[PDB]
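Asks: experimental structure below, sequence on top.
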Amino acid sequence: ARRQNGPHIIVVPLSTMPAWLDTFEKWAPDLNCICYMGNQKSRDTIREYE
DNA sequence: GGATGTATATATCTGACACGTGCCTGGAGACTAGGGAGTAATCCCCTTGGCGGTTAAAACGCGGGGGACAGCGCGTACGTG
């Protein structure tokens, strides 16, 4: 609505984070929501590929 | 009849003790000041019991091969007179 489609950050506990991921998959499927967890190489993969 | 082993008595060594003496250093008495005990406040560090998540280090198993150890020879360096 307000065209503020810039970078947003949501900081959640790790145990509830699948319960946020499926909520983003269900309610806002057109959004480019990404997940940031894992070891050094997975975060590097997210950093330089996405 | 001559020579030999043992037994009590007296002089000498030898560390310890009684007495003497100096003197100086420790003790008795009085006074004082300050060092340390006690109190209160404030703030930071440590204790004991929990939780969550990362992850690198610790634990375990197994092959193998390098090294510890035992045995044997030798010759020389050290023991002995």
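Replies: Alright, I've got the coordinates. Residues are numbered from 1 along each chain as shown, chains lettered A, B, ... in the order given.

Asks: how close does residue A:36 sit to DNA strand B?
Replies: Taking C-beta to the nearest atom of the strand, to the nearest Å as the measure, residue A:36 falls 10 Å from DNA strand B. The way it works is simple: take the backbone N, C-alpha and C, and place the C-beta from them, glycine included.

Asks: again, but for residue A:16
Replies: Separation of residue A:16 from DNA strand B (C-beta to the nearest atom of the strand) stands at 9 Å.

Asks: what does residue A:10 give?
Replies: Using C-beta to the nearest atom of the strand, one obtains 16 Å as the distance from residue A:10 to DNA strand B.

Asks: same question for residue A:40.
Replies: Here residue A:40 is placed at a distance of 5 Å from DNA strand B (C-beta to the nearest atom of the strand).

Asks: and the nearest residue to residue A:31 once chain neighbours are set aside, what element?
Replies: Using C-beta to C-beta, 6 or more residues apart in numbering and skipping residues adjacent in sequence, the residue nearest residue A:31 is residue A:24, 6.5 Å away. Residue A:24 belongs to helix A:17-27 when assigned by DSSP states H and E.

Asks: tell me the buried residues in that helix?
Replies: By neighbour count on 16 or more other C-beta atoms under 10 Å, the buried set for helix A:17-27 is empty.

Asks: just checking, next helix/strand downstream of that helix?
Replies: Once the chain leaves helix A:17-27, the next helix or strand it forms, by DSSP H and E, is helix A:40-49.

Asks: from residue A:24, how far off is residue A:35?
Replies: Going from residue A:35 to residue A:24 by C-beta to C-beta, to the nearest Å gives 9 Å.

Asks: can you pull the contacts of the most centrally placed residue in chain A?
Replies: Against the mean C-alpha coordinate of chain A, by C-alpha atoms, centre = their mean, the closest residue is residue A:34 at 2.9 Å. If you count contacts by C-beta atoms under 8 Å, 6 or more residues apart in numbering, residue A:34 has them with A:46, A:50.

Asks: can you count the residues close to residue A:33?
Replies: Applying the criterion other C-beta atoms under 10 Å, we find 14 residues in the vicinity of residue A:33.
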